[PDB]
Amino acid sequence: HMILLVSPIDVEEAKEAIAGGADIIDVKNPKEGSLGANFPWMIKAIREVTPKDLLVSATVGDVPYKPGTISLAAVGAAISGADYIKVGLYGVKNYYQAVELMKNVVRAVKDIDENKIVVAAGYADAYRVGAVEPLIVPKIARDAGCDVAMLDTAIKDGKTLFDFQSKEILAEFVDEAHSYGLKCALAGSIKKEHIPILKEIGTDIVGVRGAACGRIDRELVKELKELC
């Protein structure tokens, strides 16, 4: 079974995603990057509109290597109502820098609530932005004590997760994350056609917006949910 994560642009789109059967309502800000951070008031508004039985995810940004700043930002997201706190490993260049930043984020979030989930997200197209190698995100997540290893695309030019990573390499990524006791989330201009492929490789969470649109349509969210 695959969990459906939807990233609405506003409170109205969140209601649509909820009505359609989305499992996680993700709060991000595309103007600030792939995993750009939205504001504390927006995360709070989204947690307020989201039913109790569903989880809210929020990004802290396509982050530079600033452990202190990002640890404080993760506190801001958690306090604001995020159940999943997601870090875009953008400015971190290698395994060690990424583990150092993520360890501090993990401590910061768990200190707010031990039940909150930390997501280490790498970019499938990291080479286009100089970000940390995506294939080492499962080890970064394992060694930092994260709960979820994720991939998304950094540049939103229409090129998908599958244009940057082969099915075999992605299947290896998922297997490796699972071997470390982690869940695996995959996104990057995902289309309905990609859903059975992601389900097949054992992906735990799929992230979408475009596939549900143009604005989010509950009928299309329902269609995606059925495919999961």
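When you see a residue number, it is the position in the sequence shown, counting from 1.
Deposited sequence between residue 11 and residue 12: no residues lack coordinates (chain continuous).
Relative to one another, 67-75 and 112-120 have unequal mean CA B-factors, and 112-120 is the one with the higher figure. Mean CA B-factor, 54-62 versus 169-177: the higher value falls on 169-177. Among all modelled residues in this chain, the alpha-carbon of residue 158 has a temperature factor (C-alpha) in the highest third. In the deposited entry, the Cα temperature factor of residue 36 sits in the bottom third of values across the chain's modelled residues.
Per the deposited record, the Cα B-factor of residue 27 falls in the lowest third when ranked against the other modelled residues of its chain.
Sort the chain's modelled residues by C-alpha temperature factor and residue 42 lands in the middle third, per the entry. Ranked by Cα temperature factor within the chain, residue 198 sits in the highest third according to the deposited record.
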